[PDB]
Structures are given as C-alpha cells and as structure tokens.
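Pasted below: query.pdb, PDB, C-alpha atoms.
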```
MODEL        1
ATOM      1  CA  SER A   1      14.224  -5.618  17.589
ATOM      2  CA  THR A   2      13.187  -6.486  14.045
ATOM      3  CA  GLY A   3      10.313  -8.156  12.256
ATOM      4  CA  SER A   4       9.972  -9.841   8.878
ATOM      5  CA  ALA A   5       6.726 -11.013   7.270
ATOM      6  CA  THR A   6       5.845 -12.360   3.865
ATOM      7  CA  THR A   7       3.237 -10.448   1.868
ATOM      8  CA  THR A   8       1.176 -12.318  -0.720
ATOM      9  CA  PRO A   9      -0.914 -11.073  -3.677
ATOM     10  CA  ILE A  10      -4.630 -11.557  -3.095
ATOM     11  CA  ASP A  11      -5.278 -12.592  -6.709
ATOM     12  CA  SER A  12      -3.632 -13.260 -10.067
ATOM     13  CA  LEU A  13      -3.480  -9.532 -10.906
ATOM     14  CA  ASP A  14      -1.691  -8.336  -7.751
ATOM     15  CA  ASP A  15      -4.722  -6.187  -6.929
ATOM     16  CA  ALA A  16      -3.452  -5.967  -3.343
ATOM     17  CA  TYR A  17      -1.167  -7.805  -0.941
ATOM     18  CA  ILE A  18      -1.985  -9.416   2.404
ATOM     19  CA  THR A  19       0.375  -9.952   5.319
ATOM     20  CA  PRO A  20      -0.464 -12.102   8.359
ATOM     21  CA  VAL A  21      -0.714 -10.183  11.635
ATOM     22  CA  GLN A  22      -1.113 -11.643  15.124
ATOM     23  CA  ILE A  23      -3.581  -9.766  17.340
ATOM     24  CA  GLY A  24      -4.403 -10.514  20.957
ATOM     25  CA  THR A  25      -3.731 -13.280  23.448
ATOM     26  CA  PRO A  26      -3.932 -16.068  22.428
ATOM     27  CA  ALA A  27      -3.003 -14.813  18.976
ATOM     28  CA  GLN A  28      -5.722 -14.260  16.399
ATOM     29  CA  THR A  29      -4.093 -14.153  12.973
ATOM     30  CA  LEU A  30      -5.702 -11.828  10.424
ATOM     31  CA  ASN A  31      -4.467 -11.101   6.906
ATOM     32  CA  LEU A  32      -4.116  -7.332   6.624
ATOM     33  CA  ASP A  33      -3.447  -4.993   3.721
ATOM     34  CA  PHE A  34      -0.356  -2.994   4.705
ATOM     35  CA  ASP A  35      -1.094   0.514   3.462
ATOM     36  CA  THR A  36       1.607   3.208   3.396
ATOM     37  CA  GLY A  37      -1.118   5.636   2.261
ATOM     38  CA  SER A  38      -3.189   5.543   5.461
ATOM     39  CA  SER A  39      -2.660   5.427   9.198
ATOM     40  CA  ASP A  40      -5.377   3.253  10.765
ATOM     41  CA  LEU A  41      -5.024  -0.387  11.779
ATOM     42  CA  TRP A  42      -8.591  -1.631  11.464
ATOM     43  CA  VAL A  43     -10.055  -5.121  11.328
ATOM     44  CA  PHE A  44     -13.164  -7.066  10.600
ATOM     45  CA  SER A  45     -14.411  -8.108  14.002
ATOM     46  CA  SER A  46     -17.106  -9.725  16.104
ATOM     47  CA  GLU A  47     -18.667  -6.231  16.118
ATOM     48  CA  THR A  48     -18.938  -5.912  12.335
ATOM     49  CA  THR A  49     -22.526  -5.871  11.062
ATOM     50  CA  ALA A  50     -23.124  -9.513  10.205
ATOM     51  CA  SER A  51     -24.514  -8.811   6.721
ATOM     52  CA  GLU A  52     -21.255  -6.990   5.879
ATOM     53  CA  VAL A  53     -19.008  -9.983   6.684
ATOM     54  CA  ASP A  54     -18.548 -12.496   3.833
ATOM     55  CA  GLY A  55     -15.646 -14.872   4.395
ATOM     56  CA  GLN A  56     -13.210 -12.608   6.244
ATOM     57  CA  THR A  57     -11.485 -13.725   9.411
ATOM     58  CA  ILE A  58     -12.654 -11.625  12.340
ATOM     59  CA  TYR A  59     -10.967 -10.308  15.467
ATOM     60  CA  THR A  60     -12.970 -11.111  18.612
ATOM     61  CA  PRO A  61     -11.688  -8.848  21.405
ATOM     62  CA  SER A  62     -13.694 -10.698  24.065
ATOM     63  CA  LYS A  63     -11.483 -13.758  23.427
ATOM     64  CA  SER A  64      -8.245 -11.809  23.965
ATOM     65  CA  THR A  65      -7.017 -11.549  27.537
ATOM     66  CA  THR A  66      -4.926  -8.502  26.588
ATOM     67  CA  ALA A  67      -7.668  -6.538  24.790
ATOM     68  CA  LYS A  68      -8.972  -3.399  26.473
ATOM     69  CA  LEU A  69     -11.705  -1.121  25.191
ATOM     70  CA  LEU A  70     -10.307   2.337  24.476
ATOM     71  CA  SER A  71     -13.240   4.013  26.137
ATOM     72  CA  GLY A  72     -15.051   6.615  24.064
ATOM     73  CA  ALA A  73     -12.813   6.240  21.024
ATOM     74  CA  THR A  74     -14.337   5.948  17.558
ATOM     75  CA  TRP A  75     -12.917   5.948  14.067
ATOM     76  CA  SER A  76     -14.196   6.495  10.553
ATOM     77  CA  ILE A  77     -12.202   6.454   7.341
ATOM     78  CA  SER A  78     -12.835   6.946   3.637
ATOM     79  CA  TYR A  79     -10.342   5.891   0.995
ATOM     80  CA  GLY A  80      -9.556   7.303  -2.422
ATOM     81  CA  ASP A  81     -11.523   4.525  -4.133
ATOM     82  CA  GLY A  82     -14.711   5.543  -2.336
ATOM     83  CA  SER A  83     -14.632   2.679   0.164
ATOM     84  CA  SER A  84     -15.013   3.276   3.884
ATOM     85  CA  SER A  85     -15.292   1.715   7.319
ATOM     86  CA  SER A  86     -15.891   2.835  10.898
ATOM     87  CA  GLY A  87     -16.207   1.541  14.438
ATOM     88  CA  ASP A  88     -14.746   1.594  17.941
ATOM     89  CA  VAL A  89     -11.282   0.903  19.319
ATOM     90  CA  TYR A  90      -9.449  -1.582  21.504
ATOM     91  CA  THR A  91      -5.841  -1.689  22.534
ATOM     92  CA  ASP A  92      -4.167  -5.067  22.253
ATOM     93  CA  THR A  93      -0.890  -6.784  21.518
ATOM     94  CA  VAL A  94      -0.050  -6.840  17.813
ATOM     95  CA  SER A  95       2.817  -8.765  16.243
ATOM     96  CA  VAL A  96       4.109  -8.672  12.681
ATOM     97  CA  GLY A  97       6.744 -11.148  11.606
ATOM     98  CA  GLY A  98       8.019 -11.578  15.161
ATOM     99  CA  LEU A  99       7.976  -7.858  16.085
ATOM    100  CA  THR A 100       5.552  -7.165  18.947
ATOM    101  CA  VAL A 101       3.853  -3.933  20.007
ATOM    102  CA  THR A 102       1.832  -3.855  23.205
ATOM    103  CA  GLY A 103      -0.986  -1.363  23.564
ATOM    104  CA  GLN A 104      -1.526  -0.956  19.822
ATOM    105  CA  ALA A 105      -4.805   0.653  18.826
ATOM    106  CA  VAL A 106      -6.819  -1.991  16.993
ATOM    107  CA  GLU A 107      -9.780  -0.312  15.335
ATOM    108  CA  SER A 108     -12.730  -2.700  15.316
ATOM    109  CA  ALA A 109     -15.108  -2.242  12.404
ATOM    110  CA  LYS A 110     -18.778  -1.925  13.137
ATOM    111  CA  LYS A 111     -19.486  -1.017   9.495
ATOM    112  CA  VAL A 112     -17.600  -1.587   6.256
ATOM    113  CA  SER A 113     -18.527  -0.564   2.726
ATOM    114  CA  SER A 114     -19.465  -3.048   0.043
ATOM    115  CA  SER A 115     -16.031  -3.311  -1.567
ATOM    116  CA  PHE A 116     -14.567  -4.549   1.726
ATOM    117  CA  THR A 117     -17.382  -7.056   2.232
ATOM    118  CA  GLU A 118     -16.940  -8.305  -1.322
ATOM    119  CA  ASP A 119     -13.217  -8.988  -0.848
ATOM    120  CA  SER A 120     -13.017 -12.088   1.302
ATOM    121  CA  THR A 121      -9.199 -12.097   1.262
ATOM    122  CA  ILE A 122      -8.609  -8.842   3.191
ATOM    123  CA  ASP A 123      -9.379  -8.936   6.931
ATOM    124  CA  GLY A 124      -8.470  -5.283   7.486
ATOM    125  CA  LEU A 125      -5.813  -2.659   6.903
ATOM    126  CA  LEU A 126      -2.569  -1.847   8.687
ATOM    127  CA  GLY A 127      -1.709   1.794   8.046
ATOM    128  CA  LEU A 128       1.922   2.816   7.636
ATOM    129  CA  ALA A 129       1.596   6.497   6.685
ATOM    130  CA  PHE A 130       2.238   9.156   9.331
ATOM    131  CA  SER A 131       0.191   9.041  12.513
ATOM    132  CA  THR A 132      -1.122  12.559  11.860
ATOM    133  CA  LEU A 133      -3.605  10.909   9.450
ATOM    134  CA  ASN A 134      -4.991   8.474  12.036
ATOM    135  CA  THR A 135      -8.762   8.939  12.322
ATOM    136  CA  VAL A 136      -9.369   7.895  15.940
ATOM    137  CA  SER A 137     -11.334  10.477  17.907
ATOM    138  CA  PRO A 138     -11.113  12.146  20.364
ATOM    139  CA  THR A 139      -7.560  10.856  20.994
ATOM    140  CA  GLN A 140      -5.585  10.223  17.827
ATOM    141  CA  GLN A 141      -3.646   6.954  17.848
ATOM    142  CA  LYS A 142      -0.230   5.906  16.570
ATOM    143  CA  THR A 143       0.516   3.472  13.773
ATOM    144  CA  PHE A 144       2.141   0.121  14.402
ATOM    145  CA  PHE A 145       5.406   1.468  12.974
ATOM    146  CA  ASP A 146       5.294   4.598  15.125
ATOM    147  CA  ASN A 147       4.735   2.485  18.242
ATOM    148  CA  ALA A 148       7.504   0.035  17.307
ATOM    149  CA  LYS A 149      10.037   2.597  16.100
ATOM    150  CA  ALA A 150      11.938   3.236  19.327
ATOM    151  CA  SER A 151      12.488  -0.503  19.847
ATOM    152  CA  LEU A 152      13.668  -1.216  16.310
ATOM    153  CA  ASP A 153      17.338  -1.713  15.509
ATOM    154  CA  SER A 154      16.944   1.038  12.897
ATOM    155  CA  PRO A 155      13.825   3.253  12.520
ATOM    156  CA  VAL A 156      12.850   1.896   9.119
ATOM    157  CA  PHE A 157      10.601  -0.526   7.345
ATOM    158  CA  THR A 158      10.983  -1.877   3.831
ATOM    159  CA  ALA A 159       8.510  -2.980   1.176
ATOM    160  CA  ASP A 160       9.620  -5.640  -1.306
ATOM    161  CA  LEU A 161       6.466  -6.467  -3.236
ATOM    162  CA  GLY A 162       6.475  -9.299  -5.756
ATOM    163  CA  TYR A 163       5.176  -9.363  -9.308
ATOM    164  CA  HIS A 164       2.694 -12.239  -9.371
ATOM    165  CA  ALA A 165       4.602 -13.652  -6.396
ATOM    166  CA  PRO A 166       5.039 -13.174  -2.647
ATOM    167  CA  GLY A 167       7.335 -10.525  -1.224
ATOM    168  CA  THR A 168       8.413  -9.172   2.148
ATOM    169  CA  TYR A 169       7.812  -6.405   4.660
ATOM    170  CA  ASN A 170      10.750  -5.963   7.029
ATOM    171  CA  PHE A 171      10.812  -3.779  10.134
ATOM    172  CA  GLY A 172      13.958  -2.443  11.739
ATOM    173  CA  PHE A 173      16.590  -3.516   9.220
ATOM    174  CA  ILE A 174      17.542  -3.322   5.561
ATOM    175  CA  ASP A 175      18.154  -6.740   3.959
ATOM    176  CA  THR A 176      21.174  -6.026   1.777
ATOM    177  CA  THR A 177      20.604  -9.307  -0.109
ATOM    178  CA  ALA A 178      17.163  -8.194  -1.303
ATOM    179  CA  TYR A 179      18.213  -5.626  -3.920
ATOM    180  CA  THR A 180      20.835  -5.004  -6.585
ATOM    181  CA  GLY A 181      23.122  -2.021  -6.809
ATOM    182  CA  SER A 182      22.688   0.773  -4.281
ATOM    183  CA  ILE A 183      19.685   2.380  -2.601
ATOM    184  CA  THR A 184      19.015   5.959  -3.713
ATOM    185  CA  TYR A 185      17.422   8.060  -1.005
ATOM    186  CA  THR A 186      15.177  11.017  -1.715
ATOM    187  CA  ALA A 187      13.510  13.669   0.425
ATOM    188  CA  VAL A 188      10.044  13.255   1.926
ATOM    189  CA  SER A 189       7.441  15.849   2.838
ATOM    190  CA  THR A 190       5.187  14.792   5.699
ATOM    191  CA  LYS A 191       2.969  17.881   5.344
ATOM    192  CA  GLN A 192       0.013  15.860   4.012
ATOM    193  CA  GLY A 193       0.726  12.847   6.229
ATOM    194  CA  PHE A 194       2.019  10.710   3.338
ATOM    195  CA  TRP A 195       5.373   9.371   2.199
ATOM    196  CA  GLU A 196       5.413  12.182  -0.342
ATOM    197  CA  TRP A 197       8.427  12.624  -2.592
ATOM    198  CA  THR A 198       9.414  14.059  -5.981
ATOM    199  CA  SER A 199      10.406  11.812  -8.857
ATOM    200  CA  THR A 200      12.924  13.327 -11.258
ATOM    201  CA  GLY A 201      11.224  12.196 -14.465
ATOM    202  CA  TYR A 202      10.265   9.297 -16.662
ATOM    203  CA  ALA A 203      10.869   7.353 -19.846
ATOM    204  CA  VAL A 204       8.559   5.192 -21.962
ATOM    205  CA  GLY A 205      10.075   1.955 -23.244
ATOM    206  CA  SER A 206      13.473   2.559 -24.812
ATOM    207  CA  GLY A 207      12.716   6.263 -25.233
ATOM    208  CA  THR A 208      14.750   9.136 -23.911
ATOM    209  CA  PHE A 209      14.346  10.143 -20.292
ATOM    210  CA  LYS A 210      12.284  13.276 -19.680
ATOM    211  CA  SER A 211      13.592  15.280 -16.727
ATOM    212  CA  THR A 212      10.573  16.698 -14.921
ATOM    213  CA  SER A 213       9.560  16.871 -11.269
ATOM    214  CA  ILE A 214       6.629  14.632 -10.348
ATOM    215  CA  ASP A 215       5.420  14.994  -6.757
ATOM    216  CA  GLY A 216       3.610  11.918  -5.507
ATOM    217  CA  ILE A 217       3.175   9.417  -2.705
ATOM    218  CA  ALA A 218       4.622   5.947  -2.156
ATOM    219  CA  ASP A 219       1.406   4.038  -1.469
ATOM    220  CA  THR A 220       1.430   0.265  -1.025
ATOM    221  CA  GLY A 221      -2.352   0.374  -0.550
ATOM    222  CA  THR A 222      -3.036   1.612  -4.095
ATOM    223  CA  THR A 223      -2.873  -0.973  -6.883
ATOM    224  CA  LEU A 224      -1.935   1.196  -9.869
ATOM    225  CA  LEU A 225       0.451   3.986 -10.851
ATOM    226  CA  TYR A 226      -1.390   7.316 -11.124
ATOM    227  CA  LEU A 227       0.530  10.107 -12.872
ATOM    228  CA  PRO A 228      -0.196  13.403 -14.635
ATOM    229  CA  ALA A 229      -2.291  13.159 -17.771
ATOM    230  CA  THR A 230       0.596  14.334 -19.959
ATOM    231  CA  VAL A 231       2.841  11.484 -18.772
ATOM    232  CA  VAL A 232       0.095   8.880 -19.035
ATOM    233  CA  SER A 233      -0.850   9.985 -22.558
ATOM    234  CA  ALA A 234       2.793   9.739 -23.618
ATOM    235  CA  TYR A 235       2.916   6.166 -22.310
ATOM    236  CA  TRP A 236      -0.292   4.896 -23.916
ATOM    237  CA  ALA A 237       0.482   6.603 -27.222
ATOM    238  CA  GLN A 238       3.152   3.899 -27.630
ATOM    239  CA  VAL A 239       0.542   1.092 -27.490
ATOM    240  CA  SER A 240      -1.406   0.513 -30.710
ATOM    241  CA  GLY A 241      -5.121   0.750 -30.057
ATOM    242  CA  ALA A 242      -4.862   2.058 -26.505
ATOM    243  CA  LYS A 243      -7.395   4.692 -25.547
ATOM    244  CA  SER A 244      -8.937   6.353 -22.535
ATOM    245  CA  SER A 245     -12.436   4.972 -21.988
ATOM    246  CA  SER A 246     -14.826   7.094 -19.946
ATOM    247  CA  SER A 247     -17.202   4.135 -19.658
ATOM    248  CA  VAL A 248     -14.551   1.782 -18.283
ATOM    249  CA  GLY A 249     -12.891   4.471 -16.160
ATOM    250  CA  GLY A 250      -9.399   4.777 -17.605
ATOM    251  CA  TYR A 251      -6.974   3.677 -20.260
ATOM    252  CA  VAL A 252      -7.621   0.328 -21.887
ATOM    253  CA  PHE A 253      -5.566  -1.449 -24.491
ATOM    254  CA  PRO A 254      -5.869  -4.498 -26.751
ATOM    255  CA  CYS A 255      -5.125  -7.624 -24.768
ATOM    256  CA  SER A 256      -3.032  -8.746 -27.771
ATOM    257  CA  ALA A 257      -0.521  -5.931 -27.146
ATOM    258  CA  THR A 258       2.980  -6.239 -25.751
ATOM    259  CA  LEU A 259       3.365  -3.280 -23.397
ATOM    260  CA  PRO A 260       6.476  -1.089 -23.184
ATOM    261  CA  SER A 261       8.264  -0.605 -19.914
ATOM    262  CA  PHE A 262       7.979   2.600 -17.899
ATOM    263  CA  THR A 263      10.947   4.140 -16.101
ATOM    264  CA  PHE A 264      10.724   6.619 -13.232
ATOM    265  CA  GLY A 265      13.534   8.690 -11.764
ATOM    266  CA  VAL A 266      14.695   8.663  -8.162
ATOM    267  CA  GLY A 267      17.327  11.364  -8.030
ATOM    268  CA  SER A 268      19.878  10.359 -10.639
ATOM    269  CA  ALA A 269      18.787   6.702 -10.413
ATOM    270  CA  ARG A 270      16.153   4.940 -12.494
ATOM    271  CA  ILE A 271      13.553   2.290 -11.641
ATOM    272  CA  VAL A 272      12.245   0.292 -14.610
ATOM    273  CA  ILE A 273       8.712  -1.106 -14.478
ATOM    274  CA  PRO A 274       8.531  -3.968 -17.019
ATOM    275  CA  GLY A 275       5.661  -3.756 -19.465
ATOM    276  CA  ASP A 276       4.034  -6.906 -18.101
ATOM    277  CA  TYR A 277       3.567  -5.184 -14.728
ATOM    278  CA  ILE A 278       1.257  -2.671 -16.462
ATOM    279  CA  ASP A 279      -1.206  -5.325 -17.690
ATOM    280  CA  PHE A 280      -4.274  -5.659 -15.454
ATOM    281  CA  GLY A 281      -6.094  -8.060 -17.718
ATOM    282  CA  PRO A 282      -9.508  -8.080 -19.339
ATOM    283  CA  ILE A 283     -11.902  -5.332 -18.287
ATOM    284  CA  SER A 284     -14.570  -8.024 -17.854
ATOM    285  CA  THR A 285     -14.283 -11.766 -18.087
ATOM    286  CA  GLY A 286     -13.533 -12.855 -21.645
ATOM    287  CA  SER A 287     -13.050  -9.351 -23.032
ATOM    288  CA  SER A 288     -10.194  -8.582 -25.401
ATOM    289  CA  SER A 289      -9.930  -5.078 -23.934
ATOM    290  CA  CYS A 290      -7.419  -4.995 -21.094
ATOM    291  CA  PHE A 291      -7.108  -2.474 -18.278
ATOM    292  CA  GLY A 292      -3.945  -0.406 -17.993
ATOM    293  CA  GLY A 293      -1.781  -0.238 -14.909
ATOM    294  CA  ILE A 294      -0.739   3.386 -15.507
ATOM    295  CA  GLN A 295      -3.654   5.802 -15.187
ATOM    296  CA  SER A 296      -4.176   9.524 -14.928
ATOM    297  CA  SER A 297      -4.145  11.186 -11.519
ATOM    298  CA  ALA A 298      -6.034  14.194 -12.894
ATOM    299  CA  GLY A 299      -9.185  13.408 -10.898
ATOM    300  CA  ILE A 300      -7.341  12.537  -7.662
ATOM    301  CA  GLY A 301      -5.397  15.653  -6.688
ATOM    302  CA  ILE A 302      -2.160  13.748  -6.048
ATOM    303  CA  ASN A 303       0.093  11.430  -8.000
ATOM    304  CA  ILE A 304       0.301   7.925  -6.560
ATOM    305  CA  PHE A 305       3.238   5.542  -6.877
ATOM    306  CA  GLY A 306       1.144   2.489  -6.092
ATOM    307  CA  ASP A 307       1.979  -1.190  -6.280
ATOM    308  CA  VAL A 308       2.684  -1.149 -10.047
ATOM    309  CA  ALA A 309       5.635   1.142  -9.377
ATOM    310  CA  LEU A 310       6.688  -0.051  -5.940
ATOM    311  CA  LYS A 311       6.877  -3.736  -6.848
ATOM    312  CA  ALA A 312       9.595  -2.890  -9.392
ATOM    313  CA  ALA A 313      11.787  -1.725  -6.492
ATOM    314  CA  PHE A 314      13.075  -2.459  -3.036
ATOM    315  CA  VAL A 315      11.636   0.483  -1.089
ATOM    316  CA  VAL A 316      12.944   1.850   2.214
ATOM    317  CA  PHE A 317      10.549   3.863   4.370
ATOM    318  CA  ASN A 318      13.048   5.664   6.600
ATOM    319  CA  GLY A 319      11.333   6.963   9.737
ATOM    320  CA  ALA A 320      14.348   8.761  11.149
ATOM    321  CA  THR A 321      13.800  12.207  12.669
ATOM    322  CA  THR A 322      13.850  13.560   9.121
ATOM    323  CA  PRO A 323      12.082  10.841   7.114
ATOM    324  CA  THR A 324      13.296   9.856   3.667
ATOM    325  CA  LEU A 325      12.473   7.221   1.046
ATOM    326  CA  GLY A 326      14.966   4.869  -0.564
ATOM    327  CA  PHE A 327      14.593   2.983  -3.840
ATOM    328  CA  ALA A 328      16.778   0.234  -5.263
ATOM    329  CA  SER A 329      16.407  -2.020  -8.252
ATOM    330  CA  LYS A 330      16.071  -5.728  -7.509
TER     331      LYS A 330
ENDMDL
END
```

Starting from the file, lay out its structure as structure tokens.
Amino acid sequence: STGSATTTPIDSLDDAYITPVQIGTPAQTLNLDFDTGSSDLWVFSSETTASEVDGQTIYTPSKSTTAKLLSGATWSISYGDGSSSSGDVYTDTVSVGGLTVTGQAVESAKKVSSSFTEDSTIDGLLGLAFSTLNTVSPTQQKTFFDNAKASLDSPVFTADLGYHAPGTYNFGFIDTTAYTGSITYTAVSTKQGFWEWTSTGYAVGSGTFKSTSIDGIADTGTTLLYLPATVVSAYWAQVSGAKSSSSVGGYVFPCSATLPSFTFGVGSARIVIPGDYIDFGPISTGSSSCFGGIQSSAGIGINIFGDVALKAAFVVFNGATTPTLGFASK
C-alpha cells in the first residue's frame, strides 16, 4: 500500500504545516501537524477542556463506530517550546492520503497548553519519530508509520515541504519526479528516539564550505534551523545590522536586508537553503526588526534541522531495519 497527502503552511511564514487526517467511522477529518520529532498522535477532542478549545476541529470518539477506549491508558507530553498536552487514549481507524491503519492509538486531549489553544489551525499532532518516544502509559503505543510499515510497498515516508506553498507527505514510495539529481542517504542513530544524523558541514552564501560534523535531528515539527552558536554567528555576521537579542529571544536582522543562503552538507552532497527561507518577518507587527530563521541550539541540547532546512530538500525517512535518511535537492 501507499498514501499521499498534501501538507499546507498554517500561515504566511510557514510556521508549521497541516495535513488532513481521517479518524474514525464515519471519517472525522482533522488537520494535524506531522512531527518527525515526536511519537504521539494526539488530537483536540470532545474531551478537551472547553475553555482550551478555540476554533480547532475536534475528534468525538462517541460518534465513531470503530473507536474503542484503550482502558487505563493515559498520555502526557511536553515539547521543546514549552507547550504540552495530556489525556486518555482510544484506538480507531486512521487514514492519511488513502493509507489506512486500523487500531491506531489516537490520544485524546483532556488538557492542552495555551499555545495549542491559541493556534486554531492545528487540530493535533501526528508523531513520526521512533515509537520508543511514545508517551502512552502503561502500554507504550506505536506511531502511524510504525503500524503501517509492514503493509507499505517500501518501509519509507517522504517529506516534501513547500516554501510559502503546499507540499506533500508520501508513505510507502519515493516519487522520483519530486526531486532533482540523486538522493544522498546518510546514517541515523535511533538512540534518542529521533531521526538523528550528522551533517558534514556548512557554507554561508557564496563562501567556502566548512567541513565539520554537526549532529542533529530531522524535525518537521520544529519551524527553524537550530545549530551550534559558532555556525549561527558565522551566518549572521554576513548580515549588516544583525544581532542576537536576549529580549526578543534570538537573532534579529533589519527587515531591509537581503539574506545570504545557507548550505548544509549531507555526505558529499549539499543542500542550499535560499536566503528568503531564513526570513521570519517582523518581530512584532509593523516592526523593522525581523526574526531570523537560523538560531542557536546552545540552550536546547541538540541541533535541529527544522522546517527551514527540510523545506529546501526532498527528504526520505527510511524505516528499513537499519533506518537512514535521504536528502535530495528539488
């Protein structure tokens, strides 16, 4: 089997991407944030505290003839941005782009933190990291991909995120029309539950490539590119007036600037992030200070190849017995 679904930016900055997902019988379609940095499929629901729902579409398990309470199971998750959610668990039929999994754990939110409430466009998350990170207790549950894998034509999914435009998540096949050149595959460590890999270096603009190993994660659920402070300083030093602002929370730059590109290495191959992809617009409405799309990972503990980096590539998440990642230009 295969599946193919379009993923759409939630706003004009590509802060996140939403993909429609069918849950239950009859189908209830929710727009979920596919997140290769986490491993829970959770949704706003009829159980979510009413004051914490503000425009999201909810899953109502009582209206699904295939929903079953997973008795005694609870979940609770905190994300790197300080947001969180928790609740109980149903199993139900879940379909993405024509690919159907029966018995998928659908984690129903009883509580969500303010940033989720405040984002009316995201009805929940669909985790695509390794199932070892799934938070369901006392019986850990499998991701949608893990449940689907055995049925797929090939044990892979691909992320093809657009810049200010829709893109595609495919399951079970690699669309050879969706990228240019060849796909370069690189090793993955699953030890922390992430799609963790080592980039071979970077360049700023037209500058020379610096060969240096940068361990990090391919994370579709993180907006920006978070890299070591040395690398990030070297980038922003090429932008007149750019500075790190403790009050804003990262590097800012004059909105009048034209940003240089940023290249990252995948083995001997190179992925070029155009400068425009690094512009996240005014820090507050009407400001002439703009927020940078490359930020330091120093306070995180891991480097994160988030959407800024991934949307410059066609990315293969290869879930073969030994997982690997593939990157191609597009």

Legend entry - For residue 197 of chain A, the nearest of the candidates A:304, A:242, A:234, A:273, counting all atoms listed in the file: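 For residue 197 of chain A, the nearest of the given residues is A:304.
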
Legend entry - Contact residues around residue 112 of chain A with only C-alpha atoms at 9 Å, ignoring same-chain residues under 6 positions, as a PyMOL selection string: chain A and resi 44+48-49+52-53+83-87

Inset, instruction - Quick one: everything within 9 Å of residue 231 of chain A, counting only C-alpha atoms, minus sequence neighbours fewer than 4 positions away in the same chain. Send it as number ranges by chain. - result: A: 202, 227, 235-236, 296

Legend entry - For residue 132 of chain A, the nearest of the candidates A:39, A:329, A:176, A:76, counting all atoms listed in the file: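 Nearest candidate to residue 132 of chain A out of A:39, A:329, A:176, A:76: A:39.
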
Legend entry - Nearest-residue call for residue 170 of chain A, choices A:328, A:316, A:30, A:122, using all atoms listed in the file: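 Residue with the minimum atom-to-atom distance to residue 170 of chain A: A:316.
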
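When you apply the PyMOL selection byres ((chain A and resi 25) around 7) to this structure, what comes back is residues 24, 26, 27, 64, 65 and 66 of chain A.
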
Legend entry - Distance criterion (only C-alpha atoms): nearest to residue 40 of chain A out of A:60, A:19, A:135, A:4: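 Smallest distance to residue 40 of chain A is found for A:135.
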
Inset, instruction - Might you spell out which residues the PyMOL selection byres ((chain A and resi 267) around 12) would select in the displayed file, as a list in words? - result: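 When the PyMOL selection byres ((chain A and resi 267) around 12) is applied, the selected residues are residues 183, 184, 185, 186, 187, 197, 198, 199, 200, 201, 202, 211, 212, 213, 214, 264, 265, 266, 268, 269, 270, 271, 325, 326, 327 and 328 of chain A.
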
Legend entry - Answer key for the PyMOL selection byres ((chain A and resi 257) around 10), residues as a VMD selection string: chain A and resid 239 to 242 253 to 256 258 to 260 279 289 to 290

Inset, instruction - Return the single residue from A:107, A:215, A:175, A:123 that is closest to residue 189 of chain A, with distances computed using all atoms listed in the file. - result: A:215

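Distance check against residue 145 of chain A using only C-alpha atoms: of A:125, A:96, A:298, A:18, the minimum falls on A:96.
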
Inset, instruction - Quick one: everything within 7 Å of residue 161 of chain A, counting all atoms listed in the file, minus sequence neighbours fewer than 4 positions away in the same chain. Send it as a list in words. - result: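 Surrounding residues, per the criterion: residues 166, 167, 168, 310 and 311 of chain A.
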
Legend entry - Contact residues around residue 41 of chain A with only C-alpha atoms at 8 Å, ignoring same-chain residues under 6 positions, as a PyMOL selection string: chain A and resi 105-107+124-127+143-144

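Note that the spacing between atom CA of residue 206 of chain A and atom CA of residue 261 of chain A amounts to 7.8 Å.
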
Applying 10 Å and all atoms listed in the file, which residues near residue 1 of chain A remain after dropping the ones on its own chain fewer than 4 positions away? List them as a PDB file with C-alpha atoms, keeping the file's coordinate frame.
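Output saved as selection.pdb:
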```
ATOM      1  CA  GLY A  98       8.019 -11.578  15.161  1.00  0.00           C
ATOM      2  CA  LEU A  99       7.976  -7.858  16.085  1.00  0.00           C
ATOM      3  CA  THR A 100       5.552  -7.165  18.947  1.00  0.00           C
ATOM      4  CA  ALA A 148       7.504   0.035  17.307  1.00  0.00           C
ATOM      5  CA  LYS A 149      10.037   2.597  16.100  1.00  0.00           C
ATOM      6  CA  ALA A 150      11.938   3.236  19.327  1.00  0.00           C
ATOM      7  CA  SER A 151      12.488  -0.503  19.847  1.00  0.00           C
ATOM      8  CA  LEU A 152      13.668  -1.216  16.310  1.00  0.00           C
ATOM      9  CA  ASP A 153      17.338  -1.713  15.509  1.00  0.00           C
ATOM     10  CA  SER A 154      16.944   1.038  12.897  1.00  0.00           C
ATOM     11  CA  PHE A 171      10.812  -3.779  10.134  1.00  0.00           C
ATOM     12  CA  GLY A 172      13.958  -2.443  11.739  1.00  0.00           C
ATOM     13  CA  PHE A 173      16.590  -3.516   9.220  1.00  0.00           C
TER      14      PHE A 173
END
```

Inset, instruction - Report the distance between atom CA of residue 312 of chain A and atom CA of residue 117 of chain A in Å, rounded to one decimal place. - result: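 Atom-to-atom, atom CA of residue 312 of chain A and atom CA of residue 117 of chain A are spaced 29.7 Å apart.
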
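Picture a line from atom CA of residue 139 of chain A to atom CA of residue 78 of chain A; it runs 18.6 Å.
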
Centre and size of axis-aligned box enclosing segment 193-212 of chain A plus 6 Å each side, as lines of an AutoDock Vina configuration file:
```
center_x = 7.7
center_y = 9.3
center_z = -9.5
size_x = 26.0
size_y = 26.7
size_z = 43.5
```
